[PDB]
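Novice: Dumping the structure here so I can ask a few things about it.
There are 6 protein chains.
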Amino acid sequence: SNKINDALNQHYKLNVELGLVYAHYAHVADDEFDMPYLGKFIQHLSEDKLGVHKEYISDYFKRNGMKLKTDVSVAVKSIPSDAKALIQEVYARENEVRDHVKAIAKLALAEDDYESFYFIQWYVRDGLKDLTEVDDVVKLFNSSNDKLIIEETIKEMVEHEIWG
Amino acid sequence: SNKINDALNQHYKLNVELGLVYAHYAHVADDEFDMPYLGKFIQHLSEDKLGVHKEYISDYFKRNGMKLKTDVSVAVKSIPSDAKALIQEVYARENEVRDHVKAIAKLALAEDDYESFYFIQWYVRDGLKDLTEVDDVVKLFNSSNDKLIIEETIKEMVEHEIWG
Amino acid sequence: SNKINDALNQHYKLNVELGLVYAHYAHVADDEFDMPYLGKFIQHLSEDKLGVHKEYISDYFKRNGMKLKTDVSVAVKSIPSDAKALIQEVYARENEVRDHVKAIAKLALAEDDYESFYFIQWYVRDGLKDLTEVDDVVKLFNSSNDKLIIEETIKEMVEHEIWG
Amino acid sequence: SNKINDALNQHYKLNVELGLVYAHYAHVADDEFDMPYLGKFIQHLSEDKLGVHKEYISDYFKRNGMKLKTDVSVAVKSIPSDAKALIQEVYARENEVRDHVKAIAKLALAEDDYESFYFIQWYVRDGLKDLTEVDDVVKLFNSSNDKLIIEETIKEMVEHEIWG
Amino acid sequence: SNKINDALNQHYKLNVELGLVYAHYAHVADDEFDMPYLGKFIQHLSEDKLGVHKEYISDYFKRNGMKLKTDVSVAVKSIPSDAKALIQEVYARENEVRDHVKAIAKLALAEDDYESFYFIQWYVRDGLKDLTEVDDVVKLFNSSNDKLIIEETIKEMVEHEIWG
Amino acid sequence: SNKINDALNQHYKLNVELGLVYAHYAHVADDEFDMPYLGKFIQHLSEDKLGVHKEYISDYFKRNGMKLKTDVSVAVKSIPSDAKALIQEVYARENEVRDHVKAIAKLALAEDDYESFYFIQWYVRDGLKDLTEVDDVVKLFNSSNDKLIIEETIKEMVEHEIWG
Ligand SMILES: [Fe+3]
Ligand SMILES: [Fe+3]
Ligand SMILES: [Fe+3]
Ligand SMILES: [Fe+3]
Ligand SMILES: [Fe+3]
Ligand SMILES: [Fe+3]
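Shown next as structure tokens:
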């Protein structure tokens with residue numbers, strides 16, 4: 013399969029670049045907005061993306077006999093101006109990851125690769141999981157105007178049989 | 013200090029890009045050369061570079077009041093043809109990291125930043141440590157022709178009061 | 013070395029006088045501003061300054077063969093009018109301690125006393141540490157208008178491989 | 013009560029200044045007289061005076077509604093010439109603290125402050141305790157001419178239901 | 013670096029020769045002066061010098077790529093006549109080791125070897141430590157005329178966050 | 013006995029000089045031949061020679077009333093060119109120590125010193141022990157051409178009721 017190889021290479025690319033952008037966003041949150049726990053939350057996301065999400069693709073390429081490609085071009089030229097705008101940007105990125113994974117699953121099923129539809133089930137599920145736990149934090153900025161209350165709730169968040 | 017800020021931004025850049033190149037090299041070693049433990053060794057290096065080596069720079073920039081920049085451009089268009097050539101490439105990269113850190117230390121001392129010379133002592137020491145433990149593996153390919161013996165020695169390597 | 017002796021005597025003087033001023037400020041915070049945990053924080057600072065920060069200078073003078081001098085003149089004739097102004101005063105004092113220590117380090121290196129540059133590394137590092145943990149509390153008074161929320165955060169604060 | 017306020021402010025002043033003088037005397041004992049355990053004894057006295065003896069006065073002023081004043085002027089321009097003369101100086105200072113506390117107790121009883129009498133009982137008792145344990149060490153320099161025997165006895169001292 | 017290589021070779025030489033001279037001095041103290049614990053103290057010094065103080069130089073030469081040289085010429089043709097003279101000789105030797113290490117540190121900094129200034133910091137500190145603990149025993153022979161009291165104190169000596 | 017005194021002084025001399033030569037040989041093995049475990053083996057030999065083998069002679073001289081002499085002149089101007097040649101040199105040195113000890117034992121028995129024949133029995137036995145465990149490693153270089161196999165066997169060696 014060359015179409016599956018191309019799609020999975022693209023997914024690897026996007027995961028690396030999201031990881032780097034999230035690292036920068038966590039620095040900007042902790043430093044410029046005085047919210048260290050929002051920074052720890054975004055940093056947990058960044059480590060998640062730069063770890064197992066590409067570790068698994070490399071392992072699968074070892075097992076099935078496909079080729080790997082590395083091509084990265086990241087740049088951060090503009091940041092949001094609040095913390096609410098920051099977390100809303102994060103939400104949009106996750107929501108786009110969902111559609112990319114859906115396209116991959118459809119492609120895997122259209123060619124009779126049932127081992128590639130089995131692999132992509134993990135990503136199908138983790139997409140909804142991560143989007144849900146990001147919306148959890150998005151919703152707090154609509155419930156309160158006090159930054160310290162929000163930060164205490166996020167601290168408590170930081171420190177399921179189908180999805181979880 | 014703007015010179016110190018620029019030098020540390022460049023060091024951040026180089027660390028990210030070395031991490032990505034090492035990830036690709038570990039895949040190529042394990043997959044194309046049938047040496048999984050050489051791959052685990054290079055992957056340990058990659059995680060080292062992509063973790064604390066830039067985590068510390070971001071923390072220091074939080075503490076002292078400097079600015080961060082993110083600009084990454086990595087590409088892998090050619091690989092070595094043996095495993096000895098691979099590990100020798102790794103050795104050259106580490107040896108260049110040494111000179112970059114030495115230049116930073118000299119610059120920190122030339123301006124009377126004694127908190128930035130205190131900071132860069134850690135990197136001054138870890139450079140020699142990492143270069144030494146990479147030369148340890150470089151030397152095995154000159155001691156034996158049997159790939160399985162080398163791989164057993166590397167497995168045993170995988171699983177000091179001044180440097181260590 | 014007479015220049016090093018004079019510089020270290022001056023540092024001893026300043027440490028004693030900062031300790032006394034911080035004791036008075038902690039009383040004024042707890043009593044006149046109804047913030048007992050801000051008082052506990054400033055009192056921890058005062059004990060820090062009046063303890064090891066001069067204990068170490070006396071020990072070093074025992075070891076290397078220098079002389080000690082005692083000359084103290086402290087007076088508190090005016091206090092701030094809020095708690096934010098109080099903690100900002102504390103921040104300025106710490107920031108001046110930083111420059112004094114930097115001058116001492118430069119002087120130690122200009123004379124070939126490498127045992128006195130080894131000694132002053134501890135102070136070089138503890139300066140940035142203490143300034144950072146004071147700015148942590150400075151920042152809370154810009155995040156909230158409720159005194160009880162701030163006080164709960166400070167209580168939680170009250171009860177690193179390079180700096181910490 | 014303004015007379016009680018003035019008397020307690022003066023006691024705070026004297027305690028701070030005795031603490032500083034005792035710190036200098038301990039340095040001079042251990043450095044210039046080769047008796048490190050006499051130095052540790054005098055340093056224990058200094059920490060005692062600079063700690064709870066003024067901590068309690070600040071706490072009482074918090075509780076009863078009095079004002080605090082800070083005004084310190086210490087200088088050490090002349091030291092004794094033996095170790096016996098040093099410890100005899102220490103004895104005289106303690107004996108004067110006794111009379112100051114006695115005057116405070118009389119004043120508290122002359123005005124019908126029975127909460128200031130209850131407070132000063134602690135100092136009434138600790139005066140005799142500290143004077144007794146200082147005379148214990150004063151007496152050794154009349155029992156022996158050998159400095160090492162005296163130092164061993166003091167080391168053993170370093171490492177009651179009414180007074181103690 | 014050839015100057016650094018030469019300086020470190022000389023330091024290796026001096027350490028070996030001091031170790032041998034201290035072994036002979038410990039024999040002469042225990043046998044000819046009837047002070048076995050002074051002998052144990054000097055023997056501890058000798059083992060210290062003949063162990064890690066040259067073990068570390070050989071390890072560093074393994075790591076950085078320098079050459080080793082061995083050239084030893086020791087002879088003991090005259091000893092002191094008391095035990096005080098013996099320990100004073102020991103004190104002078106340590107005090108000369110201090111100046112040799114200071115010269116090495118200056119040379120390392122004059123050439124931009126910041127890995128050799130990181131290495132020599134250990135010796136910079138251990139010099140003052142060892143000189144202090146030797147002066148501790150030097151001072152006892154001025155406090156007492158009784159050999160058994162001195163010997164008991166030394167026995168008790170035999171059986177810090179900056180220096181220690 | 014003056015003949016016994018002279019013989020034991022010579023044995024002390026030879027032990028010190030063998031210790032120093034073995035230290036240099038261990039450095040040369042680990043550094044120039046890429047065999048760290050052969051280096052650890054030779055270093056263990058060096059530590060034995062520089063420790064108890066002369067500790068016991070000094071103790072015996074304390075007990076029986078003989079005199080000590082210190083006269084050392086070591087130099088290393090030429091090394092072997094393989095690792096087999098290195099270990100064969102080590103073997104010859106041990107074999108010569110055997111004959112020296114045999115001569116001492118004969119001399120002790122020729123004069124009716126039965127306390128010096130009781131003393132030299134220990135050396136008579138340890139000679140054969142050390143020669144045997146050195147020949148164990150000598151024999152491996154005739155069994156294999158692979159350096160890593162030899163090194164694994166030596167590692168396993170590194171980590177009797179009559180001799181042992
Ligand atoms: Fe995830
Ligand atoms: Fe590293
Ligand atoms: Fe501090
Ligand atoms: Fe007391
Ligand atoms: Fe030492
Ligand atoms: Fe032996």
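Protein chains in written order, with the authors' numbering: chain V, 13 to 171, 177 to 181; chain J, 13 to 171, 177 to 181; chain B, 13 to 171, 177 to 181; chain G, 13 to 171, 177 to 181; chain X, 13 to 171, 177 to 181; chain I, 13 to 171, 177 to 181.
Where is the CB? At the ideal position from N, CA and C, for every residue including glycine.
Given a cut-off of 9 Å, decide if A97 (chain B) and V84 (chain G) are closer than it, judged by their beta-carbon atoms.
Specialist: Reading the fourth sequence from its first residue, position 72 is the one you call residue 84 (chain G). Reading the third sequence from its first residue, position 85 is the one you call residue 97 (chain B). Contact flag unset, no.
Novice: Pick helix, strand or coil for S70 (chain X), following the three-state DSSP scheme.
Specialist: Position 58 of the fifth sequence, counted from the first residue, corresponds to residue 70 (chain X). In the structure shown, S70 (chain X) sits in a helix (DSSP, three-state: H, G or I).
Novice: Under 5 Å from any heavy atom of ligand 3, by CB: list those residues in chain order, please.
Specialist: Qualifying residues come out as B:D60, B:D138 and B:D142.
Novice: By the three-class DSSP mapping on this structure, what secondary structure does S85 (chain I) have?
Specialist: Counting from one through the sixth sequence, the residue named residue 85 (chain I) turns up at place 73. Three-state result, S85 (chain I): strand.
Novice: Between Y34 (chain J) and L57 (chain J), is the Cβ-Cβ spacing less than 9 Å?
Specialist: Translated into positions along the second sequence, residue 34 (chain J) becomes position 22. Translated into positions along the second sequence, residue 57 (chain J) becomes position 45. Against a cut-off of 9 Å, the Cβ pair of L57 (chain J) and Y34 (chain J) comes out as a contact.
Novice: In angstroms with no decimal places, state the Cα-to-Cα distance between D42 (chain J) and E101 (chain J).
Specialist: Along the second sequence, one-based indexing puts residue 42 (chain J) at 30. Along the second sequence, one-based indexing puts residue 101 (chain J) at 89. Those two C-alpha atoms are separated by around 16 Å.
Novice: Since residue 174 (chain J) is in the alpha helix (DSSP H), which residue starts that stretch and which ends it?
Specialist: No atoms of residue 174 (chain J) appear, because in chain J residue 171 is followed directly by 177.
Novice: Quick one, are the C-beta atoms of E164 (chain J) and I16 (chain J) less than 9 Å apart?
Specialist: The residue you call residue 164 (chain J) lines up with position 152 of the second sequence. The residue you call residue 16 (chain J) lines up with position 4 of the second sequence. Not closer than 9 Å, so no.
Novice: Can you check whether the CB of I132 (chain J) is closer than 9 Å to the CB of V109 (chain J)?
Specialist: On the second sequence, residue 109 (chain J) is found 97 positions in, with the first residue counted as 1. On the second sequence, residue 132 (chain J) is found 120 positions in, with the first residue counted as 1. For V109 (chain J) and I132 (chain J), no; Cβs fall outside 9 Å.
Novice: Assuming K151 (chain B) and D111 (chain V) make a contact with CB atoms under 8 Å, what is their CB distance in whole Å?
Specialist: Position 139 of the third sequence, counted from the start, is the residue given in the question as residue 151 (chain B). Position 99 of the first sequence, counted from the start, is the residue given in the question as residue 111 (chain V). Not confirmed; about 39 Å, so no contact.
Novice: In three-state terms, what does DSSP make of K79 (chain X)?
Specialist: Translated into positions along the fifth sequence, residue 79 (chain X) becomes position 67. It is coil, neither helix nor strand.
Novice: State the Cα-Cα distance for the pair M169 (chain J) and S128 (chain J), rounded to the nearest angstrom.
Specialist: In the second sequence, residue 169 (chain J) corresponds to position 157, counting from 1. In the second sequence, residue 128 (chain J) corresponds to position 116, counting from 1. Cα to Cα, the separation comes out at about 34 Å.
Novice: Counting contacts by CB-CB distance shorter than 9 Å, is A122 (chain J) in contact with chain V?
Specialist: As a position in the second sequence, residue 122 (chain J) is number 110, starting the count at 1. For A122 (chain J), the answer is no, since every Cβ of chain V falls outside 9 Å of its Cβ.
Novice: Please list, in chain order, the chain B residues whose beta carbon lies closer than 9 Å to that of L160 (chain V).
Specialist: Residue 160 (chain V) sits at position 148 when you count from the first residue of the first sequence. The contacting residues are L152, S155, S156, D158, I161, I162, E164 and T165.
Novice: One question on the structure: do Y103 (chain G) and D158 (chain G) come within less than 9 Å of each other, judged by their Cβ atoms?
Specialist: Locating residue 103 (chain G) in the fourth sequence gives position 91, counting from the first residue. Locating residue 158 (chain G) in the fourth sequence gives position 146, counting from the first residue. Going by C-beta atoms, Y103 (chain G) is not nearer than 9 Å to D158 (chain G).
Novice: Here's a check: name, in chain order, each residue in its chain whose Cβ is nearer than 7 Å to the Cβ of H36 (chain J), leaving out the five neighbours to either side.
Specialist: The residue given as residue 36 (chain J) occupies position 24 in the second sequence. The residues are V88.
Novice: Can you find at least 3 beta carbon pairs, one from the stretch 14 to 33 of chain B and one from the stretch 131 to 145 of chain J, that sit closer than 8 Å?
Specialist: The stretch 14 to 33 of chain B, when compared against the stretch 131 to 145 of chain J, does not touch it at the 8 Å Cβ threshold.
Novice: Near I69 (chain J), which residues of its chain fall below 7 Å by C-beta distance, leaving aside the five closest residues on each side in sequence?
Specialist: Sequence index remark: in the second sequence, residue 69 (chain J) carries index 57 (1-based). Here the set comprises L20, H23 and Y24.
Novice: Less than 7 Å between C-beta atoms, sequence neighbours within five positions excluded: which residues of the same chain meet that for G181 (chain G)?
Specialist: Working through the fourth sequence from its first residue, we reach residue 181 (chain G) at position 164. These residues qualify, in order along the chain: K141.
Novice: How about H23 (chain G): is its Cβ closer than 8 Å to a heavy atom in ligand 8?
Specialist: Annotation note on ligand 8: not contained in the displayed structure, which lists ligand 1, ligand 2, ligand 3, ligand 4, ligand 5 and ligand 6 as its ligands.
Novice: What would DSSP say about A97 (chain V), mapped onto helix, strand or coil?
Specialist: Counting from one through the first sequence, the residue named residue 97 (chain V) turns up at place 85. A97 (chain V) falls in the helix class under three-state DSSP.
Novice: Would you mind working out which of I:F73, I:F153, I:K79 and I:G31 sits nearest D94 (chain I), comparing C-alpha positions?
Specialist: What you label residue 94 (chain I) is simply residue 82 of the sixth sequence in a count that begins at 1. If we check each option's Cα against that of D94 (chain I), I:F153 comes out closest.
Novice: In or out: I162 (chain X) buried (at least 16 other Cβ within 10 Å) or exposed?
Specialist: Mapped onto the fifth sequence, residue 162 (chain X) falls at position 150. With 16 or more other Cβ atoms within 10 Å, it is buried.
Novice: Please name the residue, chosen from X:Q55, X:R137, X:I91 and X:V40, that lies closest to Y72 (chain B) on a Cα-to-Cα basis.
Specialist: Sequence index remark: in the third sequence, residue 72 (chain B) carries index 60 (1-based). Closest by alpha carbon: X:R137.
Novice: Against chain X, does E127 (chain B) count as a neighbour if the rule is that its beta carbon must be under 9 Å from one of theirs?
Specialist: For the purposes of this step, residue 127 (chain B) is identified with residue 115 of the third sequence, where counting begins at 1. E127 (chain B) counts as touching chain X.
Novice: DSSP state of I116 (chain V), grouped into three classes?
Specialist: Here residue 116 (chain V) refers to the residue found at position 104 when the first sequence is read from its first residue. The answer is helix: DSSP assigns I116 (chain V) an H, G or I state.
Novice: Are the C-beta of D46 (chain I) and some C-beta of chain J separated by less than 9 Å?
Specialist: Within the sixth sequence, numbered from 1, the residue matching residue 46 (chain I) stands at position 34. True, the Cβ-Cβ gap to chain J drops below 9 Å.
Novice: Between the C-alpha atoms of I99 (chain V) and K61 (chain V), what's the straight-line distance to the nearest angstrom?
Specialist: Position 87 of the first sequence holds residue 99 (chain V). Position 49 of the first sequence holds residue 61 (chain V). Approximately 16 Å between the Cα atoms of the pair.
Novice: To the nearest angstrom, how far is it from the Cα of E44 (chain B) to the Cα of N76 (chain B)?
Specialist: Translated into positions along the third sequence, residue 44 (chain B) becomes position 32. Translated into positions along the third sequence, residue 76 (chain B) becomes position 64. Using only the alpha carbons, I get a separation of about 46 Å.
Novice: Residues of chain B with a CB under 8 Å from the CB of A87 (chain G): which are they?
Specialist: Position 75 of the fourth sequence, counted from the start, is the residue given in the question as residue 87 (chain G). Per Cβ cutoff of 8 Å: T82, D83 and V84.
Novice: Any heavy atom of ligand 5 inside 8 Å of the beta-carbon of residue 10 (chain X)?
Specialist: Missing from the structure shown is residue 10 (chain X); chain X here goes from 13 to 181 and no further.
Novice: Kindly list the residues whose CB is nearer than 7 Å to the CB of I116 (chain B), restricted to its own chain and excluding five residues on each side of it in sequence; keep chain order.
Specialist: One-based indexing of the third sequence puts residue 116 (chain B) at position 104. Only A19, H23 and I132 meet the Cβ criterion.
Novice: With a Cβ-Cβ cutoff of 9 Å, do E67 (chain V) and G31 (chain V) count as a contact?
Specialist: Reading the first sequence from its first residue, position 55 is the one you call residue 67 (chain V). Reading the first sequence from its first residue, position 19 is the one you call residue 31 (chain V). No. Outside cutoff.
Novice: Below 7 Å on C-beta distance, what does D43 (chain V) contact in chain J?
Specialist: Within the first sequence, numbered from 1, the residue matching residue 43 (chain V) stands at position 31. What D43 (chain V) touches in chain J: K74.
Novice: Compare the C-beta of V40 (chain I) against all C-beta atoms of chain X and say whether one is closer than 9 Å.
Specialist: One-based indexing of the sixth sequence puts residue 40 (chain I) at position 28. So, interface residue.
Novice: Please find out if some non-hydrogen atom of ligand 5 comes closer than 8 Å to the beta-carbon of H36 (chain B).
Specialist: Position 24 of the third sequence holds residue 36 (chain B). No, ligand 5 has no heavy atom inside 8 Å of this Cβ.
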